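Notes follow the structure.
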Amino acid sequence: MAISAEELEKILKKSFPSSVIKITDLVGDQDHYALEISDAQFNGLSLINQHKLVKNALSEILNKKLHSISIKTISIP
C-alpha cells in the first residue's frame, strides 16, 4: 500500500527481472506513476498484451495492490 516507486520494479522482476523498470512523474501531484519497461520479451506483442502482461505479472503473485497507472512499452534497448 503506497509502497515506494523504487519497489514497483521489484514486482515487475517476477516475470521480467532483466527488464529495465523506471518510474517518472508526469504531474507530480496525484498518484500518477509513469512505468517504463525495456527488454527483448515485449517484441511482437500488441499494446494490449504489453499493458496486460505487466498487470498479469502482479495479478498472479499479488505483490502490489491493484491500481491504475501509465505503462510505457520499450523494445530493443
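Naming scheme: A, B, ... for chains in displayed order of the C-alpha cells; residues 1 onward per chain; ligands 1 onward as shown.
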Fill in: For residue 66 of chain A: contacts at 12 Å, only C-alpha atoms, fewer than 4 positions along chain excluded, given as a ChimeraX atom specification
/A:1-2,54-62
Item to complete: Figure out the distance between atom CA of residue 19 of chain A and atom CA of residue 43 of chain A, please, to one decimal in Å.
Response: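 Value for the atom CA of residue 43 of chain A-atom CA of residue 19 of chain A distance: 12.6 Å.
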Worksheet item: What is the atom CA of residue 28 of chain A to atom CA of residue 16 of chain A distance in Å?
Response: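 Straight-line distance from atom CA of residue 28 of chain A to atom CA of residue 16 of chain A works out to 26.5 Å.
Of the listed residues A:48, A:21, A:10, A:76, the one whose atoms come nearest to residue 33 of chain A is A:21, with distances taken using only C-alpha atoms.
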Got a sec to tell me which of chain A DSSP assigns to alpha helix (DSSP H), as a PDB file with C-alpha atoms, in the first residue's frame?
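Just written: out_38.pdb:
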```pdb
ATOM      1  CA  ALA A   5       8.182   3.658  -6.513  1.00  0.00           C
ATOM      2  CA  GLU A   6      11.608   2.026  -6.254  1.00  0.00           C
ATOM      3  CA  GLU A   7       9.864  -1.172  -5.156  1.00  0.00           C
ATOM      4  CA  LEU A   8       7.455  -1.144  -8.101  1.00  0.00           C
ATOM      5  CA  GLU A   9      10.285  -2.670 -10.134  1.00  0.00           C
ATOM      6  CA  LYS A  10      10.842  -5.471  -7.622  1.00  0.00           C
ATOM      7  CA  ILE A  11       7.407  -6.712  -8.682  1.00  0.00           C
ATOM      8  CA  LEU A  12       7.981  -6.460 -12.434  1.00  0.00           C
ATOM      9  CA  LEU A  47      -0.209  -2.551 -26.976  1.00  0.00           C
ATOM     10  CA  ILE A  48      -2.898  -4.591 -25.223  1.00  0.00           C
ATOM     11  CA  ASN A  49      -0.713  -7.615 -24.487  1.00  0.00           C
ATOM     12  CA  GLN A  50       2.166  -5.462 -23.246  1.00  0.00           C
ATOM     13  CA  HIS A  51      -0.146  -3.450 -20.994  1.00  0.00           C
ATOM     14  CA  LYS A  52      -1.884  -6.622 -19.818  1.00  0.00           C
ATOM     15  CA  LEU A  53       1.293  -8.609 -19.159  1.00  0.00           C
ATOM     16  CA  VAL A  54       2.553  -6.073 -16.618  1.00  0.00           C
ATOM     17  CA  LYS A  55      -0.825  -6.427 -14.907  1.00  0.00           C
ATOM     18  CA  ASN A  56      -0.720 -10.225 -15.095  1.00  0.00           C
TER      19      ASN A  56
END
```
Worksheet item: residue 75 of chain A: which residues within 9 Å, counting only C-alpha atoms, same-chain residues fewer than 5 positions away excluded, as a ChimeraX atom specification?
Response: /A:37-43
Worksheet item: So which residues of chain A fall under strand (DSSP E) by DSSP, listed as a PyMOL selection string?
Response: chain A and resi 22-25+33-39+70-75
Fill in: Residue nearest residue 31 of chain A among A:4, A:63, A:17, A:69 (counting only C-alpha atoms)
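Nearest to residue 31 of chain A: A:69.
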